[PDB]
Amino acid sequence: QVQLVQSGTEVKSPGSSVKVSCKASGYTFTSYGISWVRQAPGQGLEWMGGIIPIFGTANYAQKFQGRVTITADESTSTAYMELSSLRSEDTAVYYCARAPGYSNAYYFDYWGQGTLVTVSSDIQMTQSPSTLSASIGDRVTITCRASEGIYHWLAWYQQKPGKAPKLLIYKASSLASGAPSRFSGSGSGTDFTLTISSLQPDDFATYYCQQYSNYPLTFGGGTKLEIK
C-alpha cells in the first residue's frame, strides 16, 4: 500500500523552470529517501539526484551543474524536484522513487507514475543483449557489465511500456518484495546476470540494471525481451 503520486504534465519553453511534486503514502516518510530519475529515448534512464529528508541531505548528478533542486516536506510526506534553465534535451518522463535506505547512493523499491515534462569518468553500465526474442517456458539470461568493480551494489528493474519501473533484484542477488521467484540475480565485481527460469507471458518487458556503488548512479541501456 506504498504509493507515490506525482503531479501532472508540464509544458515548458526553454530557459524556464519546472517544479514536480511526489506525494508519498502507506509508510513512514522520514524512514526513507526520495530520488528522481528521468527517462527519454536516446539518454535512457538518468539519475537526477535524491534527498534523505530526516538528514535534509541532497545529492545531484554533476551533469546538471546545480540546475536541479530537490526538497521535501515531512509535514505533508511530499518531495519536489525543481529543474532550472530548461533545455530541449530536458524533455523526458520524470519519476520520483523511494530509496529504502539512509543514503542517496541506493536502489529504488517503489516508483511514481511519472510526469511528462516537455521543453520547446562515471561508471558505465553495458547491457547485453539489447533485444531478445524468446518463447514461454524458456530460460533467459541477461548481462550487465560495469566499467569498474561495484562489488554487489547492483539492482535489476522490469519496465512495461509507459509504466513505472519495478524492482526485481537488489544487492546483485536479493529478491525484491513481491517479485516472482523465477527471477534470480548473480554476479560480483564487474559482470552481472539476471536469469528468468520458465519465461511466463507477463515477463515480456524491458529490463535494466543500475549500480549504486558510487555517484553518479548509472543504469544500463536496457534489454527488451520479446515473444517468438
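A residue's number is simply how far along the shown sequence it sits, counting from 1.
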item	value
Interresidue gap class [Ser120, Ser121; deposited sequence, unmodelled]	10 or more
Of 31-39 and 63-71, the one with larger mean CA B-factor	63-71
137-145 set against 151-159, stretch whose average Cα temperature factor tops the other in the entry	137-145
Residue of maximum C-alpha B factor among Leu45, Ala164, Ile51, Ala179, per deposited coordinates	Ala179
Residue with highest C-alpha B-factor in the PDB entry, from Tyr80, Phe108, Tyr94, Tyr102	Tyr102
Entry-reported Cα temperature factor of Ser84, expressed as the chain third it lands in	middle
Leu132 - Cα temperature factor, lowest/middle/highest third of chain	highest
Chain-relative CA temperature factor third for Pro216	middle
Chain-relative CA temperature factor third for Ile196	highest
Ranked C-alpha temperature factor of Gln1 among modelled chain residues, by third	highest
